[PDB]
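For reference, structure.cif is printed below; it contains mmCIF, C-alpha atoms (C1' of nucleotides) and all ligand atoms.
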data_data
loop_
_atom_site.label_atom_id
_atom_site.label_comp_id
_atom_site.auth_asym_id
_atom_site.auth_seq_id
_atom_site.Cartn_x
_atom_site.Cartn_y
_atom_site.Cartn_z
CA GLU A 1 268.78 -63.16 -66.62
CA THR A 2 272.63 -63.22 -66.67
CA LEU A 3 273.56 -62.14 -70.09
CA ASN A 4 272.22 -58.84 -69.07
CA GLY A 5 273.24 -59.00 -65.32
CA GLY A 6 276.00 -56.46 -64.44
CA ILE A 7 274.19 -53.91 -66.60
CA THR A 8 271.01 -54.29 -64.70
CA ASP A 9 272.74 -54.41 -61.41
CA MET A 10 274.65 -51.12 -61.73
CA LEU A 11 271.39 -49.69 -63.04
CA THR A 12 269.58 -50.75 -59.95
CA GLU A 13 272.40 -49.39 -57.77
CA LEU A 14 272.08 -46.00 -59.60
CA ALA A 15 268.35 -45.96 -59.32
CA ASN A 16 268.51 -46.93 -55.76
CA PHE A 17 270.85 -44.22 -54.87
CA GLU A 18 268.63 -41.63 -56.54
CA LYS A 19 265.45 -42.40 -54.83
CA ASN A 20 267.17 -42.56 -51.35
CA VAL A 21 270.11 -40.29 -50.99
CA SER A 22 268.78 -37.75 -53.34
CA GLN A 23 265.27 -37.24 -53.91
CA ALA A 24 265.19 -38.07 -57.65
CA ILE A 25 262.05 -39.96 -58.20
CA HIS A 26 262.26 -39.52 -61.90
CA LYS A 27 265.94 -40.36 -62.30
CA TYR A 28 265.31 -43.01 -59.97
CA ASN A 29 262.17 -44.13 -61.75
CA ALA A 30 264.15 -43.80 -64.93
CA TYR A 31 266.89 -46.17 -63.88
CA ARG A 32 264.40 -48.87 -63.39
CA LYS A 33 262.30 -49.05 -66.42
CA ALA A 34 265.75 -49.12 -67.98
CA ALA A 35 266.96 -51.87 -65.73
CA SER A 36 263.68 -53.54 -66.68
CA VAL A 37 263.70 -53.60 -70.47
CA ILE A 38 267.48 -54.26 -70.65
CA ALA A 39 266.77 -57.29 -68.63
CA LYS A 40 264.10 -58.49 -71.12
CA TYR A 41 266.58 -58.07 -73.84
CA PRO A 42 267.46 -61.45 -75.23
CA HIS A 43 270.88 -60.68 -76.52
CA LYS A 44 274.18 -59.61 -75.04
CA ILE A 45 274.27 -55.85 -74.85
CA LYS A 46 277.35 -54.95 -76.76
CA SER A 47 277.33 -51.28 -76.54
CA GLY A 48 275.69 -48.11 -75.49
CA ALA A 49 274.11 -47.47 -78.76
CA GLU A 50 272.86 -50.95 -78.79
CA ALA A 51 271.14 -50.39 -75.54
CA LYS A 52 270.06 -47.01 -76.60
CA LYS A 53 267.83 -48.59 -79.12
CA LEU A 54 265.80 -49.46 -76.16
CA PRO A 55 262.70 -47.89 -74.84
CA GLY A 56 263.48 -46.02 -71.74
CA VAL A 57 267.12 -45.76 -72.57
CA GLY A 58 268.29 -42.40 -73.31
CA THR A 59 271.64 -41.02 -73.93
CA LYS A 60 272.38 -40.80 -70.27
CA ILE A 61 271.99 -44.33 -69.42
CA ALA A 62 273.68 -45.49 -72.56
CA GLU A 63 276.47 -43.37 -71.63
CA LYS A 64 276.89 -45.17 -68.42
CA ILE A 65 276.50 -48.51 -70.06
CA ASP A 66 279.34 -47.76 -72.33
CA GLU A 67 281.71 -46.92 -69.44
CA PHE A 68 280.64 -49.89 -67.68
CA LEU A 69 281.35 -52.10 -70.70
CA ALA A 70 284.55 -50.31 -71.36
CA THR A 71 285.96 -50.76 -67.78
CA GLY A 72 284.51 -53.19 -65.22
CA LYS A 73 283.54 -50.26 -63.08
CA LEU A 74 281.62 -46.98 -63.17
CA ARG A 75 282.98 -43.70 -61.58
CA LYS A 76 279.79 -42.20 -60.29
CA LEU A 77 279.11 -45.60 -58.87
CA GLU A 78 282.54 -45.88 -57.20
CA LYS A 79 282.06 -42.36 -55.96
CA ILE A 80 278.64 -43.19 -54.25
CA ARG A 81 279.89 -46.49 -53.01
CA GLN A 82 282.49 -44.34 -51.24
CA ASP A 83 280.67 -41.29 -49.82
CA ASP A 84 279.89 -41.39 -46.24
CA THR A 85 276.69 -39.32 -46.32
CA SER A 86 275.33 -41.61 -48.78
CA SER A 87 276.70 -44.72 -47.00
CA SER A 88 275.12 -43.51 -43.90
CA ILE A 89 271.63 -43.25 -45.26
CA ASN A 90 271.91 -46.65 -46.57
CA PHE A 91 272.50 -47.88 -43.02
CA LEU A 92 270.26 -45.74 -40.72
CA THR A 93 267.68 -46.87 -43.10
CA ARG A 94 267.86 -50.42 -41.76
CA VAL A 95 266.36 -49.42 -38.59
CA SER A 96 262.74 -50.45 -38.50
CA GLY A 97 260.67 -47.29 -38.74
CA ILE A 98 263.50 -45.41 -40.37
CA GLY A 99 262.80 -44.60 -43.89
CA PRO A 100 264.91 -42.39 -46.08
CA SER A 101 263.17 -39.25 -45.15
CA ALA A 102 264.17 -39.69 -41.71
CA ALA A 103 267.46 -41.24 -42.84
CA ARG A 104 268.41 -38.01 -44.47
CA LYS A 105 267.16 -35.79 -41.71
CA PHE A 106 269.23 -37.71 -39.10
CA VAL A 107 272.34 -37.51 -41.17
CA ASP A 108 271.72 -33.84 -41.42
CA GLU A 109 271.88 -33.42 -37.77
CA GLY A 110 274.83 -35.65 -37.65
CA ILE A 111 273.31 -38.92 -36.49
CA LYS A 112 275.19 -41.24 -38.68
CA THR A 113 275.52 -44.25 -36.57
CA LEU A 114 273.74 -46.64 -34.36
CA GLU A 115 275.55 -45.25 -31.36
CA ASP A 116 274.52 -41.81 -32.54
CA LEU A 117 271.11 -43.05 -32.61
CA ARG A 118 271.27 -44.17 -29.05
CA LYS A 119 272.62 -40.85 -27.71
CA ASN A 120 269.73 -39.24 -29.38
CA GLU A 121 267.26 -41.79 -28.57
CA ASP A 122 265.00 -38.90 -27.70
CA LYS A 123 264.76 -37.82 -31.32
CA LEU A 124 263.50 -41.24 -32.29
CA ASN A 125 259.84 -42.09 -32.08
CA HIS A 126 258.45 -45.27 -30.49
CA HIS A 127 258.51 -47.35 -33.61
CA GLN A 128 262.09 -46.38 -34.29
CA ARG A 129 262.68 -46.81 -30.65
CA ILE A 130 261.82 -50.40 -30.87
CA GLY A 131 263.65 -50.72 -34.14
CA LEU A 132 266.67 -49.54 -32.32
CA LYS A 133 266.11 -51.81 -29.39
CA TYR A 134 265.78 -54.95 -31.44
CA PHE A 135 268.17 -53.83 -34.16
CA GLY A 136 270.23 -57.00 -33.86
CA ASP A 137 267.32 -59.50 -33.58
CA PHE A 138 265.42 -57.60 -36.23
CA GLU A 139 267.85 -58.71 -38.82
CA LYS A 140 267.98 -62.38 -37.88
CA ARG A 141 266.13 -64.92 -39.97
CA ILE A 142 263.48 -67.05 -38.11
CA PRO A 143 264.19 -70.77 -38.00
CA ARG A 144 261.12 -72.82 -38.89
CA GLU A 145 262.03 -74.96 -35.84
CA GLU A 146 261.02 -71.77 -33.99
CA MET A 147 258.36 -70.92 -36.57
CA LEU A 148 256.44 -74.08 -35.53
CA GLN A 149 256.75 -73.20 -31.85
CA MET A 150 255.50 -69.69 -32.36
CA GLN A 151 252.66 -70.78 -34.54
CA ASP A 152 251.70 -73.39 -31.96
CA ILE A 153 251.38 -70.77 -29.31
CA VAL A 154 249.37 -68.26 -31.29
CA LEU A 155 247.00 -70.83 -32.49
CA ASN A 156 246.44 -72.01 -28.97
CA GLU A 157 245.40 -68.64 -27.61
CA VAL A 158 243.36 -67.65 -30.58
CA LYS A 159 241.47 -70.75 -29.90
CA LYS A 160 240.97 -70.33 -26.24
CA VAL A 161 239.84 -66.68 -26.63
CA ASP A 162 237.19 -67.67 -29.07
CA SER A 163 236.66 -71.06 -30.60
CA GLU A 164 235.26 -69.40 -33.68
CA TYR A 165 238.56 -67.83 -34.76
CA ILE A 166 240.25 -68.80 -38.02
CA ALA A 167 243.88 -68.11 -38.19
CA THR A 168 246.53 -68.76 -40.74
CA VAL A 169 250.18 -68.44 -40.64
CA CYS A 170 250.73 -67.29 -44.12
CA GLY A 171 253.97 -66.53 -45.91
CA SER A 172 257.00 -68.67 -46.81
CA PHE A 173 256.61 -70.52 -43.63
CA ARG A 174 253.38 -71.82 -45.00
CA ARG A 175 255.20 -72.66 -48.19
CA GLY A 176 257.76 -75.06 -46.56
CA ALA A 177 260.49 -72.30 -46.11
CA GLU A 178 263.38 -73.45 -43.92
CA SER A 179 263.33 -70.06 -42.48
CA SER A 180 261.31 -66.90 -42.65
CA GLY A 181 261.62 -63.18 -42.07
CA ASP A 182 258.71 -62.43 -39.82
CA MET A 183 255.52 -63.98 -38.85
CA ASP A 184 252.20 -63.06 -40.70
CA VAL A 185 249.09 -64.14 -39.14
CA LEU A 186 245.89 -63.98 -41.21
CA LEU A 187 242.86 -63.55 -39.07
CA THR A 188 239.15 -63.80 -39.57
CA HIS A 189 236.08 -64.64 -37.83
CA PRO A 190 232.50 -65.60 -38.85
CA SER A 191 231.12 -62.55 -37.26
CA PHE A 192 233.18 -60.28 -39.67
CA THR A 193 232.66 -59.88 -43.33
CA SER A 194 232.31 -57.47 -46.26
CA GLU A 195 229.23 -55.78 -44.78
CA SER A 196 228.84 -56.56 -41.00
CA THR A 197 230.02 -53.26 -39.63
CA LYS A 198 233.33 -54.06 -38.04
CA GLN A 199 234.06 -55.51 -34.67
CA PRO A 200 237.37 -54.00 -33.69
CA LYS A 201 237.47 -55.89 -30.43
CA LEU A 202 237.67 -58.99 -32.64
CA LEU A 203 241.38 -57.98 -33.25
CA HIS A 204 241.84 -56.40 -29.84
CA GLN A 205 240.86 -59.45 -27.97
CA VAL A 206 243.40 -61.68 -29.32
CA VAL A 207 246.01 -59.14 -29.19
CA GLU A 208 245.55 -58.84 -25.55
CA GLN A 209 245.64 -62.53 -25.24
CA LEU A 210 248.96 -62.93 -26.83
CA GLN A 211 250.41 -60.14 -24.75
CA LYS A 212 248.76 -61.51 -21.67
CA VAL A 213 250.87 -64.52 -21.77
CA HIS A 214 253.97 -62.56 -22.98
CA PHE A 215 254.18 -63.73 -26.52
CA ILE A 216 253.57 -60.21 -27.81
CA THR A 217 255.95 -57.95 -26.19
CA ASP A 218 255.67 -54.67 -27.89
CA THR A 219 253.45 -52.77 -30.13
CA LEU A 220 254.75 -51.10 -33.29
CA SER A 221 251.30 -50.14 -34.27
CA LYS A 222 247.99 -51.44 -33.54
CA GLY A 223 244.91 -50.31 -35.31
CA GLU A 224 241.49 -51.74 -35.85
CA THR A 225 242.37 -54.35 -38.48
CA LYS A 226 246.09 -54.46 -38.47
CA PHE A 227 248.30 -54.99 -35.51
CA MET A 228 252.09 -54.75 -35.83
CA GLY A 229 254.37 -55.96 -33.09
CA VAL A 230 257.28 -57.81 -31.66
CA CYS A 231 256.98 -61.18 -30.04
CA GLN A 232 259.11 -63.77 -28.31
CA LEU A 233 259.44 -67.40 -27.28
CA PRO A 234 259.73 -68.00 -23.66
CA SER A 235 263.24 -68.51 -22.91
CA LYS A 236 263.23 -71.97 -21.50
CA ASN A 237 264.97 -73.26 -18.44
CA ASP A 238 267.44 -70.53 -19.18
CA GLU A 239 270.93 -70.33 -20.59
CA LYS A 240 269.46 -69.42 -23.90
CA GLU A 241 266.90 -66.71 -24.43
CA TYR A 242 264.95 -66.20 -27.73
CA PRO A 243 265.28 -63.36 -30.24
CA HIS A 244 262.75 -60.57 -30.59
CA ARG A 245 260.60 -61.16 -33.66
CA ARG A 246 258.63 -58.97 -36.02
CA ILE A 247 255.01 -60.04 -36.13
CA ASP A 248 251.79 -59.03 -38.01
CA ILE A 249 248.24 -59.83 -37.25
CA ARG A 250 245.43 -58.81 -39.61
CA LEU A 251 241.62 -59.17 -39.16
CA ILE A 252 239.71 -60.32 -42.06
CA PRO A 253 236.17 -60.33 -43.12
CA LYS A 254 235.61 -64.04 -43.21
CA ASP A 255 234.12 -63.50 -46.60
CA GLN A 256 237.57 -62.88 -48.14
CA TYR A 257 240.03 -64.98 -46.24
CA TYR A 258 241.18 -67.63 -48.79
CA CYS A 259 241.65 -65.01 -51.31
CA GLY A 260 243.78 -63.02 -49.03
CA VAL A 261 245.07 -66.23 -47.71
CA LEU A 262 245.87 -67.37 -51.13
CA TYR A 263 247.41 -64.20 -51.85
CA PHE A 264 249.78 -63.98 -48.81
CA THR A 265 250.92 -67.48 -49.35
CA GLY A 266 252.22 -66.41 -52.68
CA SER A 267 254.90 -66.90 -53.98
CA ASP A 268 255.09 -63.72 -55.86
CA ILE A 269 255.30 -65.78 -58.99
CA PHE A 270 252.62 -68.23 -57.99
CA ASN A 271 250.50 -65.20 -57.69
CA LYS A 272 250.97 -63.57 -60.97
CA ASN A 273 251.01 -66.89 -62.65
CA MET A 274 247.86 -67.90 -61.00
CA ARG A 275 246.67 -64.41 -61.66
CA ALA A 276 247.40 -64.44 -65.37
CA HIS A 277 245.57 -67.83 -65.70
CA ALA A 278 242.27 -66.70 -64.02
CA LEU A 279 242.18 -64.17 -67.01
CA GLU A 280 242.03 -66.67 -69.81
CA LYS A 281 239.83 -68.83 -67.61
CA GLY A 282 237.44 -65.79 -67.59
CA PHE A 283 238.21 -64.27 -64.25
CA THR A 284 239.81 -61.67 -62.13
CA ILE A 285 241.71 -62.31 -58.90
CA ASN A 286 243.13 -59.82 -56.38
CA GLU A 287 244.01 -59.64 -52.67
CA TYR A 288 240.23 -60.13 -51.73
CA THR A 289 238.22 -61.72 -54.41
CA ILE A 290 237.66 -63.44 -57.67
CA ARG A 291 235.27 -62.04 -60.22
CA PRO A 292 234.04 -63.56 -63.46
CA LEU A 293 235.06 -61.67 -66.52
CA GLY A 294 232.37 -59.86 -68.46
CA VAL A 295 233.12 -59.62 -72.22
CA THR A 296 232.28 -55.87 -72.58
CA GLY A 297 235.78 -55.29 -71.39
CA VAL A 298 235.34 -55.88 -67.69
CA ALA A 299 232.71 -57.06 -65.28
CA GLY A 300 232.25 -57.54 -61.51
CA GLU A 301 230.49 -59.97 -59.17
CA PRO A 302 232.54 -61.59 -56.35
CA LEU A 303 232.64 -65.27 -56.41
CA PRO A 304 231.86 -67.21 -53.14
CA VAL A 305 234.92 -68.96 -51.68
CA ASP A 306 235.14 -71.35 -48.62
CA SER A 307 238.71 -72.51 -49.25
CA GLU A 308 241.84 -72.09 -51.40
CA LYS A 309 240.24 -74.93 -53.37
CA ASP A 310 237.22 -72.91 -54.49
CA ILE A 311 239.54 -70.54 -56.22
CA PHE A 312 241.55 -73.06 -58.23
CA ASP A 313 238.29 -74.88 -59.03
CA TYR A 314 236.92 -71.63 -60.43
CA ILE A 315 239.86 -71.06 -62.66
CA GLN A 316 239.90 -74.87 -62.92
CA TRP A 317 243.54 -75.45 -61.92
CA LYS A 318 245.23 -78.23 -60.16
CA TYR A 319 245.07 -77.84 -56.38
CA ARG A 320 248.54 -76.71 -55.57
CA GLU A 321 249.91 -77.55 -52.23
CA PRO A 322 251.40 -74.45 -50.65
CA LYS A 323 254.57 -76.54 -50.56
CA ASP A 324 254.54 -76.21 -54.28
CA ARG A 325 253.31 -72.65 -54.53
CA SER A 326 256.85 -71.71 -55.32
CA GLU A 327 256.11 -70.61 -58.93
"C1'" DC B 1 248.22 -50.46 -52.48
"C1'" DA B 2 246.84 -49.74 -47.93
"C1'" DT B 3 246.83 -48.99 -42.96
"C1'" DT B 4 248.69 -46.57 -38.99
"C1'" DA B 5 251.41 -42.92 -36.84
"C1'" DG B 6 252.53 -38.35 -36.45
"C1'" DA B 7 252.85 -33.59 -35.79
"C1'" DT C 1 245.56 -32.70 -43.12
"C1'" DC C 2 249.81 -34.65 -45.43
"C1'" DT C 3 253.27 -37.30 -45.19
"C1'" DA C 4 256.06 -41.12 -43.77
"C1'" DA C 5 256.94 -46.19 -43.08
"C1'" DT C 6 255.79 -51.21 -43.39
"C1'" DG C 7 253.86 -54.39 -45.40
CO CO D 1 257.17 -62.30 -43.89
CO CO D 2 255.04 -59.54 -43.33
NA NA D 3 265.14 -45.42 -76.81
NA NA D 4 264.43 -49.54 -41.91
#
Could you show the structure in this file as structure tokens?
Amino acid sequence: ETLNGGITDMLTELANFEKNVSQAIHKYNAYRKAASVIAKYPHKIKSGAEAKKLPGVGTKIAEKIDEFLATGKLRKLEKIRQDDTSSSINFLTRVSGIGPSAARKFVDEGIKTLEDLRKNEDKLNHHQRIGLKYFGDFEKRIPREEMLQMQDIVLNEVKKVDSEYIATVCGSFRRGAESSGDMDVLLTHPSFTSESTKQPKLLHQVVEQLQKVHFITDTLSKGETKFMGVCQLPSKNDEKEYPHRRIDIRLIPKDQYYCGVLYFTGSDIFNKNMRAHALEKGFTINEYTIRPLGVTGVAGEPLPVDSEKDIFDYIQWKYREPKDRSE
DNA sequence: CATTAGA
DNA sequence: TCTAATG
């Protein structure tokens, strides 16, 4: 956790560079299991060899580890940290809808910068087009102050469109979070569940709503169960307009909300931890359900949930306020 | 780990 | 269809 820090960090840098700049899935995949086990390691890694004893650590990594121990740096690392082509991918990559594939291809053609991107706005597709548009605002954290306002709005419409809707603003936001990255709205309705053959409009309707009034302003991608946009708070009696904000709306079969809802609320740790516990407690939990464990190894059989409660109850835990879903 | 675009 | 990107 800190005894093994710098080692794991360089390791992650290396890995990272492989998967992105180059296309070295293995090397890249290598760098991580390494960075994983070395991190589990309870003692101060004193040397290559020492590391080397590890599972996943070959001669190559060890070799780096030595140099890193030897001198606070790493050449290959300093070299990458330098290189423009590489630097460039790292950046272009920030643009929403720009992955590495595309990162590399752009570079290739010589689009290294943002400006470059603009001049060649033609080469960018709609998603990336928006990404480019809102580049600045896409990076900005969302203040809960704002979070509350947004949420208020969405809830309002959802309601008005259909009284039957059930919507949850999941994520950190849900968990107290002073800020948040984007807004995730968990949707479901009684007329949608496991079986009941869709009802795409169900999503469609509300989407429209939100756009209607100008809360949703763009569409990154909208499909039959997942919508992905950009929204924005009405810039008041002007002098101050609001930033463009990433926003996801997902339709859910009412017969799996709380699970999913549980799930999105997290934290990551609350998850796993709650997840590991359902196991002893004789269950299985995942993004949609909770199934009682059958001794023959596994077993199935979706347990019926009407609230986040139902789940804890099952695995007989203490009802944890989201607030304290932190770990 | 899955849903949407895209070409 | 495969392949990319976000989550
Ligand atoms: Co989020
Ligand atoms: Co999200
Ligand atoms: Na080894
Ligand atoms: Na990006």
| field | Separation of atom CA of residue A:271 from atom CA of residue A:2, in Å and rounded to one decimal | value | 24.0 Å
| Contacts of ligand CO 1 (chain D), 9 Å or closer, all atoms listed in the file, given as a VMD selection string | (chain A and resid 170 to 173 180 to 184 246 to 248) or (chain C and resid 7)
Tell me as a PDB file with C-alpha atoms, in the coordinates of the input which residues belonging to chain A come within 8 Å of chain C, counting all atoms listed in the file.
ATOM      1  CA  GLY A  97     260.670 -47.290 -38.740  1.00  0.00           C
ATOM      2  CA  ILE A  98     263.500 -45.410 -40.370  1.00  0.00           C
ATOM      3  CA  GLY A  99     262.800 -44.600 -43.890  1.00  0.00           C
ATOM      4  CA  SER A 101     263.170 -39.250 -45.150  1.00  0.00           C
TER       5      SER A 101
END
| said: Just to confirm, what's the straight-line distance from atom CA of residue A:270 to atom CA of residue A:292 in Å (one decimal)? | reply: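 Computed distance, atom CA of residue A:270 to atom CA of residue A:292, equals 19.9 Å.
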| field | Point-to-point distance in Å for atom CA of residue A:290 and atom CA of residue A:226 | value | 22.8 Å
Could you make a table, as JSON lines, of the residues of chain A that have an atom within 8 Å of an atom of chain B, each with its nearest atom pair and distance in Å to one decimal, counting all atoms listed in the file, in chain and number order?
{"residue": "A:221", "atom": "CA", "partner": "B:4", "partner_atom": "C1'", "distance": 6.5}
{"residue": "A:222", "atom": "CA", "partner": "B:4", "partner_atom": "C1'", "distance": 7.3}
{"residue": "A:223", "atom": "CA", "partner": "B:4", "partner_atom": "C1'", "distance": 6.5}
{"residue": "A:226", "atom": "CA", "partner": "B:3", "partner_atom": "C1'", "distance": 7.1}
May I have the residues from that selection written out with C-alpha atoms, as a short mmCIF file (atom, residue, chain, number, x, y, z; two decimals), keeping the file's coordinate frame?
data_model
loop_
_atom_site.label_atom_id
_atom_site.label_comp_id
_atom_site.auth_asym_id
_atom_site.auth_seq_id
_atom_site.Cartn_x
_atom_site.Cartn_y
_atom_site.Cartn_z
CA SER A 221 251.30 -50.14 -34.27
CA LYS A 222 247.99 -51.44 -33.54
CA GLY A 223 244.91 -50.31 -35.31
CA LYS A 226 246.09 -54.46 -38.47
#
